[PDB]
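So the protein lines, in turn, are chains EE, 77, NN, YY, JJ, ZZ and CC. Read left to right, the first sequence gives residues 56 to 180, 236 to 287 (PDB author numbering). Just so we're aligned, residue 223 is where the second sequence starts under PDB author numbering, counting upward by one. Just so we're aligned, residue 2 is where the third sequence starts under PDB author numbering, counting upward by one. Just so we're aligned, residue 55 is where the fourth sequence starts under PDB author numbering, counting upward by one. Just so we're aligned, residue 81 is where the fifth sequence starts under PDB author numbering, counting upward by one. Just so we're aligned, residue 42 is where the sixth sequence starts under PDB author numbering, counting upward by one. Read left to right, the seventh sequence gives residues 17 to 171, 193 to 369, 403 to 508 (PDB author numbering).
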Amino acid sequence: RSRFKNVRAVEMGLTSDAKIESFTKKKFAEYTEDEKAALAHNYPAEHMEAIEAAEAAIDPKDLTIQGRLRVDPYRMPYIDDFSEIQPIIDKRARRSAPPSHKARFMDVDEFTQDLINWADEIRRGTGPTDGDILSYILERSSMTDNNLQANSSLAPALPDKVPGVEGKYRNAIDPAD
Amino acid sequence: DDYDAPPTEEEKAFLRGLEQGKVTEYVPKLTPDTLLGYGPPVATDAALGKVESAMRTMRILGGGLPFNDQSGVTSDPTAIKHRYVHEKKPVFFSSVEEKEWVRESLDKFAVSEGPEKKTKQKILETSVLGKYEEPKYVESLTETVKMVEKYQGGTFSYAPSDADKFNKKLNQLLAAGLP
Amino acid sequence: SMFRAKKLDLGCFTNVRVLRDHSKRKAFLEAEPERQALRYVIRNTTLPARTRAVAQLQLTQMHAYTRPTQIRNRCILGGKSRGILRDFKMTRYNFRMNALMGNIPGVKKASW
Amino acid sequence: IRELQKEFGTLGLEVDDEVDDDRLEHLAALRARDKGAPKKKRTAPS
Amino acid sequence: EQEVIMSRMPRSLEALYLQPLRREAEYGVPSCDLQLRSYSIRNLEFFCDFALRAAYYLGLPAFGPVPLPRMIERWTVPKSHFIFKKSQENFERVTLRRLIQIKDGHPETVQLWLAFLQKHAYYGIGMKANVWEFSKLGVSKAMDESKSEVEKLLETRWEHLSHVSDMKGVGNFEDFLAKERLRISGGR
Amino acid sequence: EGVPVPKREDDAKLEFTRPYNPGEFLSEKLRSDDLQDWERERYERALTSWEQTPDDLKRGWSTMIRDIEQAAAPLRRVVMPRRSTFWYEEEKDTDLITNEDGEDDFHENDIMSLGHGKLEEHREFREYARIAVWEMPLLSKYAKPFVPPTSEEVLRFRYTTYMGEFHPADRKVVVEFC
Amino acid sequence: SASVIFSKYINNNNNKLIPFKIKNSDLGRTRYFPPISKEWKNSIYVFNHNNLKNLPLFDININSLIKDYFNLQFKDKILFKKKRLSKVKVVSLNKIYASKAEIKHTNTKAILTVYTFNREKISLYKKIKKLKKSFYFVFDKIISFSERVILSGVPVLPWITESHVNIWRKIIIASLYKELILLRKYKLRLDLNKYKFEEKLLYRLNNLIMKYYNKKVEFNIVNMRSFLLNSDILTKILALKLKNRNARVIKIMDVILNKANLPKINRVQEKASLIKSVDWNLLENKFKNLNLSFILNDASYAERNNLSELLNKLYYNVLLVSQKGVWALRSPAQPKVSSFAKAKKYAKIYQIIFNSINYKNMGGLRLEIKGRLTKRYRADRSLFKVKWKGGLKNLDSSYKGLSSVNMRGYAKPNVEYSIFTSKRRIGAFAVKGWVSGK
RNA sequence: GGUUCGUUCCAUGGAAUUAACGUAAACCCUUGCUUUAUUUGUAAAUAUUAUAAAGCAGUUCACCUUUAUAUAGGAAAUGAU
Ligand SMILES: [K+]
Ligand SMILES: [Mg+2]
Ligand SMILES: [Mg+2]
Ligand SMILES: [Mg+2]
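Take a look at the structure:
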């Protein structure tokens with residue numbers, strides 16, 4: 056006897072060990088050599104290492120004898136690879152460099168040089239566009255830290271129109287007033 | 223005339239990237255070295271359990287903070303310099319990247335690379351080798367001093383300094399009740 | 002008076018008696034091993050009578066602050082000493098108000 | 055707050071101690087109507 | 081430059097929508113008793129599932145989650161800060177817990193399982209583990225032969241700790257550890 | 042000591058009190074007041090080069106700074122607070138005063154704080170699904186099969202861990218042999 | 017052979033075999049399990065409780081510390097602001113408001129959550145945006161006009198050292214001093230407001246708060262679009278308003294309430310109950326025998342043996358196109407991502423995640439003011455005012471009948487209660503506030 | 001004017017139509033059942049005590065009686081459960 060009962064495997068017609076193998080190879084066939092190449096050409100190197108190991112760890116015989124469907128309240132409501140980090144539905148990424156301790160807020164002299172440096176970087180790629243001027247008030251650091259873009263701890267914002275919230279409100283205020 | 227133009231479509235799309243975020247990369251990485259420091263400090267026969275108990279002792283000397291190798295590299299330079307210099311106590315860095323951030327944050331501050339030789343033996347002596355001082359068996363009940371050391375050596379509540387405070391007053395009393 | 006720290010170190014609710022019970026917990030921490038050697042020599046009936054009489058007289062000369070029975074838990078938010086809960090360092094009341102707001106983790110109103 | 059005003063005081067940032075600043079305003083108001091504290095006596099009563 | 085019709089998805093992703101697979105123990109001798117605790121169930125119940133998924137990849141056959149008897153503390157406090165004692169109300173603190181037992185698990189492998197769980201611990205859960213290991217006679221010798229083996233593994237770990245020459249603030253080393261472990265623990 | 046007095050001696054001396062052009066600025070700078078001799082040569086070559094250009098070139102400069110002054114004119118204008126204002130009713134900082142035009146309107150782009158606790162709980166379920174799809178499989182490369190103890194392994198020690206927590210009971214070692 | 021002790025733990029095998037039973041009874045959907053972090057401020061469990069008895073007291077210290085951190089402002093001398101040295105107490109409202117922190121404790125770190133309403137950025141951004149676009153364009157011409165007059169001969194190069202740049206940099210400032218101080222003034226004030234949420238300044242606050250929990254603290258600051266979505270920020274805004282002696286108490290409540298927009302509702306349908314019927318679309322009712330050995334064994338469908346295909350018929354797959362189709366992978403520094411990360415469309419995923427969140431829309435509001443809020447400086451009886459807009463009930467349970475999960479056994483999951491205490495020149499007063507979610 | 005444990009519900013009024021709180025609902029413990037889990041609990045075991053997560057369940061059906069025909073109630077160890 057094993058840890059599990061064969062009651063569920065004997066009714067379908069998998070009483071024998073050789074019968075369970077015909078089901079695994081038919082239902083849980085391993086990836087073909089062609090699929091691996093295509094799968095290794097789309098995903099990066101590191102992501103492929105975890106895939107090849109999972110197909111060796113998770114043997115197909117386990118999925119047949121004891122594999123069941125997940126119905127718990129913690130199952131993910133959708134299917135996704137979770138390969139990258141998405142804007143809203145994922146925690147904000149932190150890939151910046153640590154801040155400088157000796158950094159200080161620029162002065163009128165240092166501020167001018169930074170403003171001059173910004174005017175020469177955009178004049179090397236009329237004049238400054240609205241996107242460059244808008245990327246200077248929100249991304250140009252005014253600290254003596256070599257224009258560091260520190261990782262923000264601000265939680266990711268929500269979509270422009272949240273599902274379940276949009277389409278239900280009317281603005282009582284009137285511009286004519 | 224005080225009118226402000228509504229946010230343009232270009233500007234809206236730009237703010238989204240900052241607020242909502244962008245599609246960054248993610249690289250899986252998991253090796254025993256990335257798990258070293260979070261393991262259980264157990265005195266097993268497996269070297270992994272003993273290497274973790276030594277890492278734990280370095281954290282008690284460093285201040286006792288947990289081994290957090292995923293919450294950044296910042297720290298307190300003004301306080302680590304005082305502890306490392308004005309108090310002359312050790313300092314524990316969860317990673318080398320955190321060690322170089324305090325260097326680039328202080329004006330001419332030098333942090334020793336590694337501990338000294340003796341400090342490495344004192345850690346392996348008790349945390350890894352586990353060398354104790356067997357409490358001897360006292361037969362006669364009149365052996366006051368010997369009997370006290372027996373009890374003080376069989377419990378971690380009495381520290382080396384507390385036992386000395388005890389033995390100081392005890393020996394003072396025994397000597398004051400003689401002819 | 003001699004045990005009161007010249008520089009206040011208490012970070013909780015400060016009081017006249019909270020500042021007095023804190024000075025006793027520190028004075029007892031320093032003299033506990035010494036005070037436990039006098040109580041051991043007094044109870045050891047194997048030592049000479051004079052040895053036990055000298056320890057009995059020296060224990061009586063210890064300052065009151067050194068005595069551990071003088072220590073009494075006090076609320077870290079109100080400073081009272083009556084009806085204090087050891088698990089929260091607060092009065093029965095301050096525990097209630099904080100438990101309802103959600104400041105005490107785990108505590109919930111009980112119904113059964 | 056006094057240890058926060060010194061950590062950010064090197065960057066030129068300021069912050070009002072709403073508690074202490076309020077305690078000082080209450081004392082100043084009393085001196086306006088002659089209700090403050092008396093001169094601390096530092097000698098035996100005689 | 082063509083399209084390949086994938087027959088199925090990676091097994092790693094398909095295993096996330098099935099119940100946590102479990103390995104079969106040949107002998108059934110416990111090698112670890114991990115007991116999780118929390119004041120809520122949605123994080124405890126969830127982490128218990130995540131733990132079983134890690135014990136399958138490591139070959140550790142896990143058994144559980146076994147729901148242990150919940151611990152209930154009770155306090156009855158007066159609703160008023162004064163004379164009004166005739167009106168009281170009951171409070172409590174229910175501790176919900178589980179138990180994941182690992183049988184026939186390699187000692188070192190179990191420590192990886194436990195290390196992986198602490199790094200990715202779910203907020204609001206307290207974990208306690210008891211590890212069982214077999215050993216031969218003569219522990220004194222064994223613990224002495226493995227001094228050099230541990231020195232080679234710590235060669236690249238000594239960088240964490242750094243101190244001035246002839247540390248004077250520590251004084252008595254063994255006494256420093258004892259009283260510095262109390263401060264961190266909170267007194268005992 | 043004594044009753045506290047106000048601290049009114051707080052001010053930042055502006056470098057220049059009025060806009061100076063290259064000529065006037067260099068002239069005042071090169072008044073032989075206090076500077077290195079060699080350093081005074083740099084300014085001199087600059088001033089000499091400044092007084093070598095056509096008048097029109099100099100004229101344009103004078104108008105260029107006046108075109109910048111008008112570009113930053115609406116940024117130093119004291120906006121008058123609205124009659125029925127809510128935020129700037131007692132705001133003594135003229136700078137922050139805006140028009141209060143559509144500043145408190147709901148654009149249907151946010152949920153309540155209670156909803157952010159369930160959304161932040163999903164951002165964590167993905168963080169744990171990303172670990173169980175990409176990082177857990179790598180744990181199988183370092184696992185070792187269990188081997189039953191031989192006839193010489195007669196002891197069964199027990200060690201307790203609290204997973205990164207200091208508990209005084211984490212020092213006991215139980216041993217049981219037959 | 018085997019050890020005698022290794023055999024005494026094998027014989028103790030009375031385990032119960034997993035039955036894999038077949039469900040014959042219909043199952044209803046589970047309740048809405050609210051977040052755990054909203055029940056208690058500290059979501060923690062420690063095996064040694066000596067690290068748990070101070071948390072209620074630290075909270076006050078932390079909240080007061082974080083409150084003062086979001087109020088940090090430059091010294092007027094640093095920005096050449098010509099401070100007005102008045103003896104009055106300015107009551108400023110255009111600052112960053114914060115809520116009571118909510119900490120998620122672990123043995124390794126602590127995640128400190130705080131909801132803010134950045135009211136300073138709303139003004140600084142719009143004002144600095146008034147600066148014409150020609151300013152930067154005309155300023156770029158001065159950099160080219162000064163590199164042909166001062167750093168040239170007759171009307193970056195190897196014969197131009199950095200010594201000449203120092204003097205060349207002052208002339209521009211000599212003629213644009215009063216202009217650069219203005220731009221720099223708003224640029225710094227915006228960056229300060231921006232760095233309070235980034236690591237450039239949070240690493241300094243982490244140290245001060247790290248001395249209480251003895252752990253590295255991670256922040257999850259959340260930005261709110263309107264201040265009416267959090268009771269902590271709302272009761273603090275109304276409190277600062279009433280601190281003035283001339284504040285019209287009753288009229289300030291009407292302005293705040295009028296700024297609260299409630300969604301349209303069908304009264305008859307909102308209060309209508311739900312009948313209990315078996316939902317045969319539930320994953321538990323669809324397949325009553327969850328064993329894959331029975332679902333994939335040609336039960337009803339044909340040639341769907343593949344497990345992946347089955348999952349696609351139950352969950353929305355993002356990788357595939359057309360919701361149901363097939364996965365087509367292309368055949369044979404830069405970021406390490408997939409070759410289809412851009413093709414993935416999270417249009418319906420956003421609609422699945424935000425529909426499973428309850429109490430999103432604000433449906434209730436209640437403001438209570440009680441205390442000494444008179445004008446004249448004399449002894450006068452207390453004042454009490456109450457206003458509300460919408461209901462604070464739990465509609466899912468009060469009308470429909472669905473089971474809810476009360477917080478701490480007595481509180482409704484959808485209501486946020488907060489109290490703020492202040493004082494006038496004549497006495498103390500409080501401001502309570504309830505905000506509810508539909 | 002009837003009805004209901006209840007401003008519950010129906011009808012009706014030459015003035016009504018509605019909202020919030022309380023009520024109600026829901027929740028916690030408890031009861032039967034279904035599924036999950038089997039240690040530190042259980043003699044054995046193919047699992048039935050215990051432990052505890054979620055879900056279902058009632059006045060529902062049957063019988064009898066019933067106004068203005070609109071709203072319903074009774075019976076209680078010998079209908080089911
Ligand atoms: K000892
Ligand atoms: Mg009527
Ligand atoms: Mg057992
Ligand atoms: Mg049962």
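All residues carry an ideal CB built from backbone N, CA and C; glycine is no exception.
Item, Value
"Any non-hydrogen atom of ligand 1 within 7 Å of residue 314 (chain 77) CB", "no"
"Reduced DSSP secondary structure (H/G/I, E/B, other) of residue 77 (chain YY)", "helix"
"Runs of beta strand (DSSP E) wholly within the stretch 427-496 of chain CC (minimum 3 residues, chain order)", "432-441, 453-458 and 485-493"
"C-beta neighbour in chain EE for residue 36 (chain CC), strict 8 Å", "yes"
"Closer than 8 Å to chain CC by CB, residue 90 (chain YY)", "no"
"Minimum C-alpha distance to residue 154 (chain ZZ) - residue among 159 (chain EE), 244 (chain EE), 163 (chain EE) and 268 (chain EE)", "268 (chain EE)"
"Opening and closing residue of the alpha helix (DSSP H) in which residue 115 (chain EE) lies", "115-120"
"Interfacial residues, the stretch 77-96 of chain NN to chain CC, with Cβ spacing under 8 Å", "77, 78, 88, 89, 90 and 91"
"Supposed contact pair residue 125 (chain JJ) and residue 153 (chain JJ) - C-beta distance, whole angstroms, cut 8 Å", "Actually they are not in contact, since the Cβ atoms of residue 153 (chain JJ) and residue 125 (chain JJ) sit about 22 Å apart, beyond 8 Å."
"CB-CB length for residue 298 (chain 77) against residue 244 (chain CC), believed under 8 Å", "4 Å"
"Bridge-paired residues (DSSP) for residue 112 (chain JJ)", "182 (chain JJ) and 211 (chain JJ)"
"Within-8 Å CB hit, residue 224 (chain 77) to chain ZZ", "yes"
"Integer-rounded CB distance, given that residue 111 (chain EE) should sit under 8 Å from residue 175 (chain ZZ)", "Between residue 111 (chain EE) and residue 175 (chain ZZ) the Cβ distance is about 15 Å, and since that is not below 8 Å, they are no contact."
"Listed by chain order, chain CC residues near residue 74 (chain NN) by CB distance under 9 Å", "Simply none; closest approach about 11 Å."
"Beta-carbon separation (whole angstroms), residue 260 (chain EE) vs residue 243 (chain 77), contact threshold 8 Å", "At roughly 15 Å, the Cβ-Cβ gap does not stay under 8 Å, so residue 260 (chain EE) and residue 243 (chain 77) are not in contact."
"Residue 239 (chain CC) and residue 505 (chain CC) closer than 8 Å at C-beta", "no"
"Beta-bridge pairing of residue 121 (chain CC) - partner residues as DSSP gives them", "126 (chain CC)"
"Neighbourhood of residue 286 (chain CC) by C-beta, 8 Å cutoff - its chain only, sequence neighbours within 5 removed", "279, 439, 443, 453 and 455"
"Where residue 86 (chain JJ) sits in the DSSP three-state scheme", "strand"
"7 Å CB neighbourhood of residue 308 (chain CC) in its chain, flanking five on each side removed", "469"
"Proximity test, residue 45 (chain NN) beta-carbon vs ligand 3 heavy atom, cut-off 7 Å", "no"
"Residues sharing a beta bridge with residue 142 (chain JJ), DSSP", "182 (chain JJ)"
"Those residues which DSSP pairs with residue 353 (chain CC) across a bridge", "133 (chain EE)"
"7 Å Cβ shell around residue 140 (chain EE) - same chain, five flanking residues per side excluded", "148"
"Check whether residue 177 (chain EE) and residue 240 (chain EE) have beta carbons under 8 Å apart", "no"
"Chain-ordered chain EE contacts of residue 179 (chain ZZ) [CB-CB under 8 Å]", "104, 105 and 108"
"Residues of the stretch 56-85 of chain ZZ whose Cβ lies closer than 7 Å to any Cβ of chain EE, in chain order", "none"
"Assigned secondary structure, residue 97 (chain JJ) (DSSP; H/G/I helix, E/B strand, else coil)", "helix"
"Cα-Cα separation, residue 189 (chain ZZ) to residue 39 (chain CC)", "40 Å"
"Cα-Cα separation between residue 77 (chain ZZ) and residue 85 (chain ZZ), rounded to whole angstroms", "13 Å"
"Short-range partners of chain NN found in the stretch 154-188 of chain JJ, where Cβ spacing is below 8 Å", "154, 155, 157, 158, 159, 160, 161, 169, 170, 171, 172, 173, 174 and 175"
"Chain CC contact residues for residue 122 (chain JJ), given Cβ-Cβ distances below 8 Å", "49 and 52"
"Residues that residue 119 (chain JJ) contacts on chain NN, provided the C-beta gap is smaller than 7 Å", "106 and 107"
"Test: residue 167 (chain EE) CB closer than 8 Å to a CB of chain CC", "yes"
"The beta strand (DSSP E) enclosing residue 183 (chain ZZ), as first and last residue numbers", "It is not in any beta strand (DSSP E) - residue 183 (chain ZZ) carries neither H nor E in the DSSP assignment."
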